[PDB]
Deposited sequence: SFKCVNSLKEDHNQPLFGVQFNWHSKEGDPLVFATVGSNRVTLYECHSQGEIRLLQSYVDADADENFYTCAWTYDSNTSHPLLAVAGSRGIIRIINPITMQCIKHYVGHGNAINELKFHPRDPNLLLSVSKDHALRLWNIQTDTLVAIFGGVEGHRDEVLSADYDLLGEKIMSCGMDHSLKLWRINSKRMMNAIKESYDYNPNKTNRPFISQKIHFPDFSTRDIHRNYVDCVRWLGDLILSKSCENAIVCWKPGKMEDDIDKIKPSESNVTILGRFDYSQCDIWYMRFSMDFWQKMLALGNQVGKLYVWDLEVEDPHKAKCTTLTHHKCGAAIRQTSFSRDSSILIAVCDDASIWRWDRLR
């Protein structure tokens, strides 16, 4: 990629999240949102590396510190929506056009570290919290569908989670060094979701994951993403590990909850990114893996290889980009890569 533009938000507070809106239809402008402090800002990408301000939101709660955001749409009107959350522990659903909070969800006993929308049903929002649990909400009926935690749930803050491509299961990870699998295509979860639509509510309490392991990393796991049936996760050892539950030949949907084996297929090494809450991202087609480090360098790996050790790694740098890159986001068409930093700076890279 080639560096084409950069800007710094006037509040000068660290930015933690960034997400292009992958719901926009072909031909419509590529838009992304940034979040940090009590701010949520929307931008539109144009020619000649232009980054146009589209709308902005400033929470009345000056002490809020948004950590992440996720896009969806109101299925009743096909209108885009943006969910945001952070240290306050409240989920806010914002209308990106009027920048008004239309709904909010409280329940988590503490900060929310990550939000993810189901890849098929736009109403299903997953939140992971410092309170050790994951929560699934139906934002159409404003109901808490299920709480994932308890007897075999996480024992420390949940830092990240991700639905697989088809939205049949979730993998979570956190400060207890573990990675846990939660299937949501079970008769129980399908039924809970179904009844949540009927409400005009008793949520499901899921205490037992379908798989759990603490043998991948030796410290906090601050980011996890599905790579097909494989898993990509990182800790603070300057490496993203690619692994899978069970043995080399085990099928992800055939492994039992008591499976004790794991198979590491390789890793993507980098440097100077050992501070906590530094997230990696992939493009929609999952052909590229990206991760920024604490000194402004942006690593990009080509995933279309037979093994991670043979994946070409491109290091993107700009002599003026020296702040920690908390998160990056590819446009749906992989043509643009945006990075946000701890100094409120935003960097635009257009595809090579």
Against the full deposited sequence, which stretches does the structure leave out? 1, 202-208, 361
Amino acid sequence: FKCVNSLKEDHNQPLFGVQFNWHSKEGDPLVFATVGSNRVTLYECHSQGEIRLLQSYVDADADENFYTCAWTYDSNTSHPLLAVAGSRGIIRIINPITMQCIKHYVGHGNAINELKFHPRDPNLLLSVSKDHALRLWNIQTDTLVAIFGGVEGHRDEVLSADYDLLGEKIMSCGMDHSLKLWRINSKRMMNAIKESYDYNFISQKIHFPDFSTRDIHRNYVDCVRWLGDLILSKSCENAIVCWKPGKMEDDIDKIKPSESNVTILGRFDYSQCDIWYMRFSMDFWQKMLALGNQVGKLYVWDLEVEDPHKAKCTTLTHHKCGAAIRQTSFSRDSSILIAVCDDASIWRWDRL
From here on, numbers count along this sequence of modelled residues.
Comparing average C-alpha B factors as deposited, tell me which of 246-254 and 202-210 sits higher. 246-254
If you average the Cα B factors in the entry, which is higher, 278-286 or 89-97? 278-286
From the entry's CA B-factor values, the highest among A70, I51, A324, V31 is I51
Among the candidates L124, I264, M189, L144, give the one with the maximum CA B-factor reported in the record. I264
Hey, what third does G107 fall into on Cα B-factor, ranked over its chain? highest
Temperature factor at the Cα of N293, chain-ranked in thirds, falls in the middle
Of the three thirds of its chain by CA temperature factor, lowest, middle or highest, which one includes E44? middle
Modelled-residue ranking by C-alpha temperature factor, third containing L232: middle
Consider only the C-alpha atoms of the modelled residues in this chain, order them by B-factor as the entry records it, and name the third containing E259: lowest, middle or highest. highest
